[PDB]
């Protein structure tokens, strides 16, 4: 029986500092992964419309609620709005699909998944004849307006953003008539991409950070063998040995000690349990400084080529 520390959001809601990632968790494996996580004591599950598995997540959650293994109010369910759905009627239709698949009556956090709006229609990844991403009509500020309505209606408890630079968050925080502030910014982060300035900025604004791909996303389709590999880094494994822990557990604990929420994905029952066993050790200040020194400014998750649309987040220094 495990419990992740709570990080307090600006709304006073309590967000578990470790959650289960579900990107690439296949149909036919994700349902069990979520059951196992809930049995182990995970309460935060990270989800998205684009992962196309929310209905199996919804099945797992419903079954554990019926079983009385957990109550809804102790779960913390996060989903995201995909940028082909920024137009107002579409915000509400995409949201309703996620909430239906997940079989819930409310979400704990709903995120803008990426800051650039894309052409609406059937394709999730609309591209021109040359394969460049096609921009849409509505901006992330337009979508945010429609998302605030969901909070007014009691269907989402808090809103947040993902893949935002500080410039894009400034634009949001400065929007005229802003009703709700983002409670987290979910971005890639790990010892090869330490995000020092973006974390400093977010915290200074009362915005949490959620670290995605904290293990280096080894299962990402575009991985190349010469790409840095955190889980095989010998200096990470050495610090791990010193604490009698795995590299993955050190990689998860790194974020916990910076007060950054972290969402490792697994569909392997043993690794699910291993990844939440991270509250029985502490990395020394020396060890934190060493791990922080590994920054390479390297992004594993840098596939959208959309740097020719406005609001490309990764051109900014942070």
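Positions refer to the first chain, counted from 1.
In this crystal structure, the stretch out of 97-105 and 192-200 whose C-alpha atoms carry the higher mean B factor is 97-105. Set 226-234 against 110-118 and average the Cα temperature factors; 226-234 ends up higher. Looking at 65, 263, 260, 47, the one whose CA carries the top B-factor in the deposited record is 65.
Out of 245, 157, 80, 166, it is 245 whose C-alpha atom has the highest B-factor in the PDB entry. In the PDB entry, a CA B factor belonging to the lowest third of its chain's modelled residues is recorded for residue 255. Ranked within its chain, residue 172 lands in the lowest third, by CA B factor from the PDB record. Remark: residue 301 belongs to the middle third of its chain, ranked by C-alpha B-factor as recorded.
In the PDB entry, a CA B factor belonging to the middle third of its chain's modelled residues is recorded for residue 85. When all modelled residues of the chain are sorted by CA temperature factor, residue 29 is found within the highest third.
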